[PDB]
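Peer 1: Got an experimental structure here, sequence first:
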Amino acid sequence: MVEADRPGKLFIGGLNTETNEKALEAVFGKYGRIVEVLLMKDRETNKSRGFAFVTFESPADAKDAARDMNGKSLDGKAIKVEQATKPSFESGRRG
RNA sequence: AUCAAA
C-alpha cells in the first residue's frame, strides 16, 4: 500500500524531545503559510514522540521546506522532512 | 541512525 495523505502535509521525524508546535510553526512557516501543525508526544510526559507533522497552504511551499529542512536539525537534533504518510498504530477490522 | 500521527 503506497499512501500519501495529500500534498502540503509533511512528516518531521528525528526532532528533539524539547521541540513543540510553536517551534514547528516558527520553523516551517519560513517556507509557506501554515494551515495546521502537529507535534506528537508521549501521553505521560507530553514531551515528544520525536516526530511531527505540518500542513502548508501550498503543496510546493512544503516542497521548498522538504528540500531545505530535510537532513537539517531542530532544537539541536537532526531530522527528516518529507511528504507525510498515514499512521500505522491501527488496522482494518471486520468483514 | 535522520522512520510516521493513540
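Peer 2: Structure's in. What do you need? Numbering: from 1, shown residues only, chains lettered A, B, ... in the order given.

Peer 1: For chain A, what lies in contact range of RNA strand B?
Peer 2: A:5, A:9, A:11, A:13-14, A:38, A:40-41, A:43, A:49-51, A:53, A:71, A:77-80, A:82-90 (C-beta under 7 Å from any atom of the strand). To be clear about C-beta, it is placed using only N, CA and C from the backbone, and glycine gets the same treatment.

Peer 1: residues in contact with residue A:78?
Peer 2: Contact analysis of residue A:78 by C-beta atoms under 8 Å, 6 or more residues apart in numbering lists A:14, A:71-72.

Peer 1: Just the closest of those to RNA strand B, please.
Peer 2: Using C-beta to the nearest atom of the strand, residue A:14 comes nearest to RNA strand B of the contacts of residue A:78, at 2.9 Å.

Peer 1: Compute the number of surrounding residues for the closest one.
Peer 2: 16 (other C-beta atoms under 10 Å).

Peer 1: hang on, isn't it packed against residue A:52?
Peer 2: No - using C-beta atoms under 8 Å, residue A:14 is not in contact with residue A:52, being 9.9 Å away.

Peer 1: Show only the entries of the contacts of residue A:78 found in strands.
Peer 2: With DSSP state E as the criterion, strands contain none of those.

Peer 1: what's the closest of those residues to residue A:1?
Peer 2: Within the contacts of residue A:78, proximity to residue A:1 (C-beta to C-beta) peaks at residue A:14, which comes in at 23.9 Å.

Peer 1: ok, that closest one to residue A:60 distance?
Peer 2: The gap separating residue A:14 from residue A:60 is 23 Å, by C-beta to C-beta, to the nearest Å.

Peer 1: if we can go back for a sec, in strands, which of the residues of chain A next to RNA strand B appear?
Peer 2: Secondary structure from DSSP E places A:9, A:11, A:13, A:38, A:51, A:53, A:77-78, A:80, A:82-83 of the residues of chain A next to RNA strand B in strands.

Peer 1: Just the buried residues of these.
Peer 2: Among those, those classed as buried by 16 or more other C-beta atoms under 10 Å are A:9, A:11, A:13, A:38, A:51, A:53, A:80, A:83.
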